[PDB]
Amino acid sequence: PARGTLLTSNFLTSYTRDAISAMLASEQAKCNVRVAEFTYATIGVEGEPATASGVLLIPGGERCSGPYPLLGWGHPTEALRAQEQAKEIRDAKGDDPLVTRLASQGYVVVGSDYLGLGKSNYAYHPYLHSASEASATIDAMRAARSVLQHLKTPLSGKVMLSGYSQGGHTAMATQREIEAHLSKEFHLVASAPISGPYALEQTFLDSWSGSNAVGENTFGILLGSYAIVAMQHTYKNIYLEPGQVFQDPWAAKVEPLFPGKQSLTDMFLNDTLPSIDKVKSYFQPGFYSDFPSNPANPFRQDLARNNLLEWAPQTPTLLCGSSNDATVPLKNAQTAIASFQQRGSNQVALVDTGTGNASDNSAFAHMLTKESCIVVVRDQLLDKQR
């Protein structure tokens, strides 16, 4: 099947505007929100045929007529292979910012579960791989449009992009790809990456010790390990066997974990992998010291290929994050904007949702930027570009 071909489609549930307003009251929803799930044809990292799943949020109601803008969404790090966004939203009774803050305000939201997750046939998940993060997202939007055409849902034709954490990386990766090769098919009017590692290589370097200028990179063992295993599957240039990078007993468990039968929270709460303070006993000495002192290091080269700095964004873009974030330093956005401007682009701006107090600096501030940034971005950029 051609990229973007719809394979299966189906409605899961529905939330009335009043039901959503009730949740928010825990300000007011304008739309009822229907949740649908689908699977579609896309490509692998080598351009080979593959499949993936995704979620589709459809707004509707009297004070919520279309034509609706199409918002492509990038979800955060997911280590549980079987996780499907559509079903998680359903299990949470619609209590998710995608429903309560975006679809509820008239934005058709589409998000891919990514290659290797949900109903995808892929053997692994290309974590932080720009090319397939973009391809999976683009093809999800393509399949979603077919679903919407069948439902006769009126679309304005204007497209937007957003995402949180790893999702911010995929949002920008998708923006870059659309701008370079698919702008006629996707009329991009706004992009709002949230707390993403755009300066991917720099982010790993700055937090390699376990801490950065902001604070302790508490979730680093898990996220860093996911990236290494994924880059190995994608580029196959890091190691012949896990033990060359990871010390025992971790070496034997890392690959089956990313992705696997455990969620990132499961791993963190049960210490399937050691805490950040035990980083030196986690990674093999040679690899641990080689990574930062050798730009030719294979893992480093793989991260470099996935940086999103050397290009000139054309779409109005608002990078959001928190200055208190120690997981993904806001430095990322600063570095990104500096690169873009040097390249002749002044389409990108940034908004800081931090407190300004360093005492609030924490790895956990990362999670607080999801909803906070979604609202700010919606109000300051998306609504104006609709």
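Just count from 1 along the sequence shown to find any residue number.
A.B. asks: Checking chain continuity here. Are there deposited residues lacking coordinates between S26 and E27, and if so is it 1 to 3, 4 to 9, or 10 or more (or none)?
C.D. replies: According to the record, 10 or more deposited residues lack coordinates from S26 to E27.
A.B. asks: Per the entry, where is the mean C-alpha temperature factor higher: 182-190 or 273-281?
C.D. replies: For C-alpha atoms only, the mean B-factor is higher in 273-281.
A.B. asks: On mean C-alpha B-factor from the PDB entry, just flag whether 335-343 or 51-59 is the higher one.
C.D. replies: Per the PDB entry, the higher value belongs to 335-343.
A.B. asks: Looking at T265, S112, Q166, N306, which has the highest Cα B-factor in the entry?
C.D. replies: Answer for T265, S112, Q166, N306: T265, with the highest C-alpha B-factor.
A.B. asks: Between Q175, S211, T137, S225, which one tops the list for C-alpha B-factor in the PDB entry?
C.D. replies: Highest C-alpha B-factor among the listed residues goes to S211.
A.B. asks: Taking the C-alpha B-factors as the PDB entry records them, is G243 in the lowest, middle or highest third of its chain?
C.D. replies: Its C-alpha B-factor, which the entry lists for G243, ranks in the highest third among residues of this chain.
A.B. asks: Lowest, middle or highest third of the chain for the C-alpha temperature factor of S104?
C.D. replies: As the PDB entry reports it, the C-alpha B-factor of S104 lands in the middle third of its chain.
A.B. asks: For the chain shown, is the CA B-factor of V35 in the lowest, middle or highest third of its modelled residues?
C.D. replies: Its C-alpha B-factor belongs to the lowest third of this chain's values.
A.B. asks: Mind checking which third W73 falls in for C-alpha B-factor across the chain?
C.D. replies: Tercile = lowest for this residue's CA B-factor.
A.B. asks: How does the C-alpha B factor of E201 compare with the rest of the chain: lowest, middle or highest third?
C.D. replies: According to the entry, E201 has a C-alpha B-factor in the chain's middle third.
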